[PDB]
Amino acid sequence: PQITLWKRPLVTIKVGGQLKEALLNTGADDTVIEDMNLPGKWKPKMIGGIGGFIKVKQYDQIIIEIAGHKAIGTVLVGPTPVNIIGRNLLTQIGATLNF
């Protein structure tokens, strides 16, 4: 697909057996998903952007499907205002920026 940027580039994802809406985000390497009760080991992390930092849980090797494309990698879970798919998983689904 080609996604123009008039509107937020939102897609459906599947993670932890749940469907969610998420924003395709070239602005960070990591993926951040809103609080959800994912099973297994995690490590505390703090990530910072406009407005400051939030505390998240870093989960590794999380299976996540993005607009019908399978991926697996690190997923940060925490009180982000918007689910954001970062460059790490964008590369796995073959996403590029074009102009």
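One-based numbering along the sequence shown.
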Entry B factor averaged over C-alpha atoms, 39-47 against 53-61: higher for 39-47
Among the modelled residues of its chain, the C-alpha B-factor of residue 73 falls in the third labelled middle
Of the three thirds of Cα B-factor ranks in this chain, residue 98 occupies the highest
On the chain's distribution of Cα B-factors, residue 13 falls within the third called lowest
Assert third(CA B-factor, residue 19) within chain per record equals middle
Here the Cα B-factor of residue 89, set against its chain, lands in the third termed middle
